[PDB]
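Structure first, then comments.
What follows draws every value from the coordinates through simple rules; no lab data is involved. Cβ coordinates were reconstructed from backbone atoms using ideal geometry, including for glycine residues, and neighbour counts include every protein chain displayed.
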Amino acid sequence: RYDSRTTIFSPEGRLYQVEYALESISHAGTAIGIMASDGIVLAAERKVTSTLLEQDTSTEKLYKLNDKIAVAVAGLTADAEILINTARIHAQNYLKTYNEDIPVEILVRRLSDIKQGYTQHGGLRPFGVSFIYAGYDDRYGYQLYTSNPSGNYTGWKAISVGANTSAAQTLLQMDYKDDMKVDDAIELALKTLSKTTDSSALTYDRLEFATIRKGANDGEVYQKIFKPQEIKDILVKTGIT
Amino acid sequence: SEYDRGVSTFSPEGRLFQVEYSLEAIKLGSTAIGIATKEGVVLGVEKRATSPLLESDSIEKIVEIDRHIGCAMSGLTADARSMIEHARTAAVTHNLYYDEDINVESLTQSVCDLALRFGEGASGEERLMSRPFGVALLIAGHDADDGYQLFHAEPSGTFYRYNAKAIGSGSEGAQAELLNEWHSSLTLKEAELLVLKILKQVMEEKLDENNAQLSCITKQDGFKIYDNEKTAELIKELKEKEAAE
Amino acid sequence: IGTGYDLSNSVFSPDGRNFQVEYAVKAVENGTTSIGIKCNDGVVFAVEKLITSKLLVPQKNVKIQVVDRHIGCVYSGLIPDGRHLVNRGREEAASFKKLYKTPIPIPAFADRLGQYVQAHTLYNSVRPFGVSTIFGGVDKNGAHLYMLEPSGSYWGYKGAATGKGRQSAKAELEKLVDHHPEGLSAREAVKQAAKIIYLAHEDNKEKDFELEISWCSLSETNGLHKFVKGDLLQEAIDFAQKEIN
Amino acid sequence: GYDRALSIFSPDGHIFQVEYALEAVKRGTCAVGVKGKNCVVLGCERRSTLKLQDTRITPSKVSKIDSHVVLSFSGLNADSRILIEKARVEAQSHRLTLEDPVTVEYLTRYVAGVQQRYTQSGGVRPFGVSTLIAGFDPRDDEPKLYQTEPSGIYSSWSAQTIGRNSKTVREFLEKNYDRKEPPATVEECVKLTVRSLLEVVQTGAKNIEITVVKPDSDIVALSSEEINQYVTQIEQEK
Amino acid sequence: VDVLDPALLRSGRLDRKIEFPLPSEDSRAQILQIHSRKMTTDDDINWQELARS
Amino acid sequence: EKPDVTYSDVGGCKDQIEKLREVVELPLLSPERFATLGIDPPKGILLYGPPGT
Amino acid sequence: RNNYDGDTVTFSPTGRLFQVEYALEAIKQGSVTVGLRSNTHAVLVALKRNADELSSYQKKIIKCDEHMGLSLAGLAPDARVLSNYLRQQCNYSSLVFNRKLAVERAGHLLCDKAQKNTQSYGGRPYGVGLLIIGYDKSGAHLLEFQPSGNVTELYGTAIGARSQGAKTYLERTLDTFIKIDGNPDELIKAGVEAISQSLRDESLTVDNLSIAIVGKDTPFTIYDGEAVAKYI
Ligand SMILES: Nc1ncnc2c1ncn2[C@@H]1O[C@H](COP(=O)(O)OP(=O)(O)OP(=O)(O)O)[C@@H](O)[C@H]1O
């Protein structure tokens, strides 16, 4: 085998390290980002739950990297940690330098470059983490992206990474309508998350949620994390609980 | 084997098989022929095309290192960009330092110094190139003091002066022909048709100016890389000569 | 054996040891008889330097080297490797003389040398030494002789011996303690060294030897290191010749 | 086994990494460059995967280095990314030093030089990308189309295909194209570039991407509607 | 030495275990000599010098 | 018996072919020289190699 | 095994290095040269090998300085790096101490240099012998450099291919050529006879002879062509 390092290729010119790093994302739970006309909703899944586990101090797969762009996380979390910080620091470096907030495409481009750079040179490991970037910039309004652990990005109107990628993708696109209401965006997220997930009863503590809107509080990109007691309500509207 | 996985590791023969192997890279690249005369050295080459869409008039394999020092090459061109780069710098830094023409021989050594570099470090020549060079040069020029000289700079070994040398793919059959057809009585015009005559023999292609390129070092004419018409004219004379015979 | 242990020199075996350091010692076995004879008013060094053929020049190559002007050293094993440890000793010795304005104590030298050897077992981009080094001199607190193993072990020695014929050499030293319970004068311990090395040459009998003897003695060399040569050395030769026959 | 480093050679003199890099190009979609008498059209296969995927926010296969140099690529998308920004800066640094618009020769030679530098090194791989660097200059009216290869070797060719199933597309282009007569008009340059691409797309007239570069710093990227008139024009003659 | 059967590895079936090494430097020169006394010898030959090789 | 093969039907006048001549022909013509030197004349040979040579 | 043959930092079980041993093999494959000396003169005579007869030879003598120089046997790249380091040392000595550094003192620095690449991980070992000559206040000297890096002071030596017949010649005539002092012709003469004996597949020509001589009244001078026409 030729999986000894990033430098070395197989006969066919593929690199196994990239391949393993894709597979790493799908051994941690489903993550779904939906863009809609009236907001972009992010929703993610808890791969951990113990009866004495707490998860009310923090979301372990959602970080705001700037006051206008936030990311949902899929992969190993230690690997995740390093990069979340690198991105958020780079964001504010842009803010310091230009006195305005970072455009989405630059932010994604920076992290895929860093991730590729670890493949291109040295001994350092590639870091298999897939971020779903949901942002607003005046270039293309709402923008939903994801980053590959292969170290490039693609724009989206919906994407799912994490566990059950095939399952999440067809289900989301079947009930996609070009428009989409932000309430329906929420309703859809919960429905696809139940089916994918092997915990029969999808409760609010198995859910992370944020909705991102400039259609609420106009002239201002406002990202808002839902609290448990709000998540608890919407489950009763979708009839899970 | 096992002695081609270390560059500081010798064979039970006392040799380096990493280096040995780089000789076969030199041989892999297409044939180059140089022939020194008492009037100038004529440097001819082979090129290859697979499509006519290849611009054959805007590719390099005879390169100008100075206006009186020229070179041919054979082997990997990835390695050659770097090799030719170093050697340009030396000629220029000599005129920087001195206001006088570099020596052909002296240039030959400097090139081989960059060739020596296989790893990192080493005193009196800090090594920055990480693998064996896969490129050789036929180095032809003129300093007054030693007239017109032809060397073959060998990254594996060190430099050997030649009075005529063929490298590349067609080297073994050429060398024998070049024994029987290097003289101390060669003229520059005759040398020109000689080079083409030897090239054709070992070229399994068609002789044309599109895959050939003559050039001379004549110290009174400067380094002149030839035109397509000019070389075409030499292809034409060659054919009338050998038709009569 | 394999699996580390003898392939790397910082990796330990289940035996709690390293087999490469045993191999470092084995190269000492292969090296030639060197003794140091501690005395109560000096120290004496003798060495057997074999003669390979008679084209060699007489008394012009040694293994006796000096540090400062009062510390003699001689190494057995691998010759060019043994030079470099003494050379490294000099650089260390020089630093002591700079900072403290005084010659080095022989127990100070023994500590610094043993750190240098021990370092070459902590890294794996390094090779160990493969030499023992008998050394010592006279200082403040008198004469001291130490001997350093390629192991990085040392202890004080009333007699030190290394090289191939050291079995004979160690027995003769112990006889020397018994016959003279002060270890004899430094003048006669030179002669005593010659009788040892000649018997040690019954283990090396196939070729010829050259006896080089040096000393450093409290009042017989006036606290300085010098080579033992001329009528002193001629004496040693003669005493030694007499006493084998 | 001699395909483990770029400091170990085979008895034939190859570094299989470069050879396996050329197979990597083939993973990335085709790109085709063809020059005319007063233009170069740099045309490429584009991918439309899903309704969710966009085009606005979803990378183009053409990136414009500057206003008088353009660049297409084929290979892995991540590798070309670092190379393009790197290429763009190099292109700027020309003007910074010299104060002149970037030469196309200068650009192909440095950019593959970055590739070359990596290949020369044994401790790091180079890129797995082959590019087309096409352009003009405000001084020179001669149209130029250059190539890079993953070895860090740059070559110049009148017309070339690289990328996915390039070889098959190549043979068709040889025949129609002549060094004695390239396409006279721009529209005709485009028709040939399209005829070549039809082959790789199978069907898909949103999947054929056309860009045109002419001298005096004219770069245009053609509307969807314009690309579509060619496809329909080529089917009536077909 | 690790193909020796356990039958004979028990005391009183072997008692002397006697090692033959690969001829050392001093040993090569002597072996070479006897081979050389089947054919003509000359003053040219120095076995010590062949043994080093 | 008596092949209809010579060193025209073999290409190359290889190194092995030059050492091959010495084994068969040379001590057959003259066993005198071998006797005097004090070597016992070559008569065994093993030709071996990859297939198709 | 020869699994200790994979490194330069790993001693074998018998306490050898295979790396230093293979380097001895490379001297043998290298071109023959003879050193010898007298109290007042020292000479290297070396066989100048061409790759063919369109090839105009190769210099086997590198001038180190005006009182030093070396010849080679084995690797040509290797002779080149250590010649650069050695030349720097001669310059250094002359710059800082106003002095022609003793041959033997010079030779301990080149010995270390070798052992640097023996100690370290990376660094190619050296697989060349150099015969060093010089003439200082302490007269002529002759050193034989090893690929180990050991230094041996002899009155006479030869290394390279077929060089053992030249050692048997010199041994016999050892005391003869030493006593000749103030006569370079004879010492020169001796080095020619030695290297006659070596020959196989070669005959001496004018341009196989390179004689390098330093002495009591002689600069380091390398003699070639019409000046070795009196000694062909
Ligand atoms: N030396 C040669 N001259 C001409 N042809 C040759 C030569 N060597 C091999 N060939 C061709 O190869 C054919 C088959 O190989 P051949 O019988 O010579 O080989 P081998 O290595 O002795 O074989 P095997 O493993 O079959 O015993 C011959 O019939 C002949 O045509």
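Observations on the structure shown:
- Test: residue in segment C:231-242 that is more than 27 Å from C:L78 (Cα to Cα) and not in a helix (DSSP H, G or I): no
- Per-region count, segment D:5-21, residues assigned to a helix (DSSP H, G or I) and within 12 Å of D:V124 (Cα to Cα): 1
- Going through (1) touching a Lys or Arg at 6+ places or on another chain (Cβ under 6 Å); (2) more than 27 Å from G:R80 (Cβ to Cβ); (3) assigned to a loop (DSSP other than H, G, I, E, B) one by one, B:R48 falls short only on (1).
- Residue pairs whose Cβ atoms lie under 7 Å apart, sitting 6 or more positions apart in sequence or on different chains, and linking a residue in segment B:123-137 that is within 12 Å of chain G (Cβ to nearest Cβ) to a partner that is assigned to a strand (DSSP E or B) and exposed (fewer than 15 other Cβ atoms within 10 Å of the Cβ), are B:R127/B:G121.
- Test: residue in segment D:150-161 that is closer than 24 Å to D:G36 by Cβ, more than 8 Å from every other protein chain (Cβ to nearest Cβ), crowded, with 20+ Cβ neighbours inside 10 Å and among the aliphatic types (A, V, I, L, M): no
- Within segment A:24-35, one or more residues are farther than 16 Å from A:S147 by Cβ and within 14 Å of chain D (Cβ to nearest Cβ).
- Residues being within 26 Å of A:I225 (Cα to Cα), facing another protein chain (nearest Cβ under 7 Å) and among the polar types (S, T, N, Q) - total across segment A:113-160: 2
- Output for segment B:63-84, where each listed residue is over 25 Å from D:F127 (Cβ atoms), in a loop (DSSP other than H, G, I, E, B) and not basic (K, R): B:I65, B:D66, B:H68
- Qualifying residue in segment C:88-104 (condition: out of contact with any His (no Cβ under 6 Å at 6 or more places or on another chain) and within 11 Å of another protein chain (Cβ to nearest Cβ)): yes
- Residue check for B:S171: among the small types (G, A, S), within 12 Å of another protein chain (Cβ to nearest Cβ), within 15 Å of the chain's Cα centre (by Cα) and surrounded by fewer than 23 Cβ atoms within 10 Å (Cβ to Cβ): yes
- Tally, over segment G:155-196, of residues that are aliphatic (A, V, I, L, M), away from every other protein chain (no Cβ under 14 Å) and outside any helix (DSSP H, G or I): 1
- For A:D183: the one exception among (1) more than 11 Å from chain D (Cβ to nearest Cβ); (2) in contact (Cβ under 8 Å) with a residue 24 or more places away in the chain: (2)
- C:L184 passes every criterion in (1) buried (at least 18 other Cβ atoms within 10 Å of the Cβ); (2) part of a helix (DSSP H, G or I) apart from (2).
- Restricting segment F:5-18 to residues that are aliphatic (A, V, I, L, M) and surrounded by 10 or more Cβ atoms within 10 Å (Cβ to Cβ), the residue that is farthest from the ligand (Cβ to nearest atom): F:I17
- Residue among B:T187, B:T231, B:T218 that is touching a strand residue (DSSP E or B) at 6+ places or on another chain (Cβ under 8 Å), of a type in the set (V, I, T) and farther than 17 Å from B:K61 by Cβ: B:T218
- Residues in segment G:26-54 that are at the interface with chain B (Cβ under 9 Å from one of its Cβ atoms) and either more than 30 Å from B:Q175 (Cα to Cα) or touching a residue at least 24 places away in the same chain (Cβ under 8 Å) (or both): G:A26, G:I27, G:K28, G:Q29, G:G30.
- Checked against the criterion of being under 20 Å from D:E226 (Cβ atoms) and assigned to a helix (DSSP H, G or I), the candidates D:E209, D:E188 yield just one match: D:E188.
- The listed residue being within 14 Å of another protein chain (Cβ to nearest Cβ) and either free of Cβ contacts under 8 Å to residues at least 12 places away in the same chain or away from the ligand (no atom under 16 Å from the Cβ) (or both), out of F:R21, F:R33: F:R33
- Any hit, segment B:44-65, residues being more than 30 Å from D:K175 (Cα to Cα) and within 14 Å of chain G (Cβ to nearest Cβ): no
- Residue in segment B:82-102 that is within 14 Å of chain G (Cβ to nearest Cβ) and farther than 19 Å from D:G152 by Cα present: no
- Of the strands (runs of 3 or more DSSP E) entirely within segment C:24-84, none holds at least 2 residues that are under 12 Å from the mean Cα position of the chain (by Cα), within 11 Å of chain G (Cβ to nearest Cβ) and surrounded by 19 or more Cβ atoms within 10 Å (Cβ to Cβ).
- Boolean, D:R125 is closer than 30 Å to A:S4 by Cα and of a type in the set (D, E, K, R): yes
- The single residue among D:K86, D:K144 that is over 23 Å from A:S150 (Cα atoms) and either within 14 Å of another protein chain (Cβ to nearest Cβ) or of a type in the set (D, E) (or both) turns out to be D:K144.
- Selected residue (criterion: farthest from the other protein chains (Cβ to nearest Cβ)) from residues of segment G:78-130 that are assigned to a loop (DSSP other than H, G, I, E, B) and not small (G, A, S): G:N98
- Beta carbons closer than 7 Å, at least 6 apart along the sequence or on distinct chains, pair a first residue in segment D:146-158 that is closer than 16 Å to B:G134 by Cβ with a second that is of a type in the set (F, W, Y) for D:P150/D:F127.
- Per the listing F:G44, F:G52, the residue uniquely within 13 Å of the ligand (Cβ to nearest atom) and small (G, A, S) is F:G52.
- Residue match in segment D:22-38 (condition: more than 8 Å from every other protein chain (Cβ to nearest Cβ), within 18 Å of D:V111 (Cβ to Cβ) and among the polar types (S, T, N, Q)): no
- Scanning segment C:117-147 for residues that are of a type in the set (F, W, Y) and closer than 27 Å to C:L173 by Cβ turns up C:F129, C:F135, C:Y146.
- Residue check, A:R110 closer than 24 Å to A:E208 by Cα and not in a loop (DSSP other than H, G, I, E, B): no
- Test for D:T168: is it touching a residue at least 12 places away in the same chain (Cβ under 8 Å) and under 21 Å from D:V62 (Cβ atoms): no
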